[PDB]
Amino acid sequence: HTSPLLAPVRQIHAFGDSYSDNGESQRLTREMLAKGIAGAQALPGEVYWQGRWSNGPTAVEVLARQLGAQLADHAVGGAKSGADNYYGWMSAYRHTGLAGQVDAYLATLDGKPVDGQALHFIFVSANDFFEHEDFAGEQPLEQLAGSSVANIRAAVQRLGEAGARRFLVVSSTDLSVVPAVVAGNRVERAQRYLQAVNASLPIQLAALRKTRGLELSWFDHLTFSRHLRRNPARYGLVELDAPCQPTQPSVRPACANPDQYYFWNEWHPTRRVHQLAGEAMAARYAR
């Protein structure tokens, strides 16, 4: 039996990675390129929609639309749970991890209080895993998951400390079915990492929510995706594994029927999946 829906939302502040970013990596990398920052690249690239790391609006944009909320989207493609980004070359210019996004949000309030009615949306961790696997990180995966969890708890704590009261925190996605992970033969490692984060993080957040008197909702993206991928015809999906828009090793022409694909490229879902995700995330709130 379901409990009462949460109160409406009129403003979202979103923090996270390329599953949320609605233009920041594009803005920031154009700035870094203009400045001559060593190793900078234009992100996300040419085969993306309006600076999103997809072919359409991300889940949090859909959430905002669903709830009747304005969105300030601080998320940055490549963001890790800590201070920095998968793209190591960004750190000379800006700390664009979750912790750096929180810092910049709290430093730019311009003597206004944090809005106690704004929903602070947090969706991060995938790049902790991708960085670890692509650059031979030394932590055991269980320890990396522990750091990811601690980093996300610290963000909620620091936002609350400053006056935030309302949160939505997204679980790990199912990294084990990401095409780049399958291609890397890293399905078991992704399974282990994501299960450790998703077991531990909601326990840490329930403790913090009670201690600080927060309204905090947990979105289990793994349950969401498992249901989609077990019953794809119900949602009009046909292709669960092939990217619509191949980019690895090189860019190839996009599929003709992207609204029937799960994945846009080798790491990121399509606008259709983002739409279903945003609608599912909106389910806990009254309009």
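So that there is no doubt, residue numbering starts at 1 and follows the sequence shown.
Novice: State which stretch shows the higher mean Cα B factor in the entry: 102-110 or 144-152.
Specialist: Per the deposited B-factors, the answer is 102-110.
Novice: Mean CA B-factor: is it higher for 245-253 or for 61-69?
Specialist: Comparing 245-253 with 61-69, the higher mean C-alpha B-factor belongs to 245-253.
Novice: Comparing recorded Cα B-factors across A136, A164, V178, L168, which one is largest?
Specialist: In this record, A136 carries the highest C-alpha B-factor of the candidates.
Novice: What third of the chain does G160 rank in for C-alpha temperature factor, lowest, middle or highest?
Specialist: Middle third.
Novice: Would you check the entry's CA temperature factor for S81 and let me know if it's in the chain's lowest, middle or highest third?
Specialist: For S81, whose C-alpha B-factor we compare with every modelled residue in the chain, the answer is the lowest third.
Novice: If you rank the chain by CA B-factor, which third does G213 end up in: lowest, middle or highest?
Specialist: As the PDB entry reports it, the C-alpha B-factor of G213 lands in the highest third of its chain.
Novice: Quick check for you: using the entry's CA B-factors within this chain, is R52 in the lowest, middle or highest third?
Specialist: For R52, whose C-alpha B-factor we compare with every modelled residue in the chain, the answer is the lowest third.
Novice: Would you mind checking where the Cα B-factor of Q191 ranks among the modelled residues of its chain, as the lowest, middle or highest third?
Specialist: Its C-alpha B-factor, which the entry lists for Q191, ranks in the middle third among residues of this chain.
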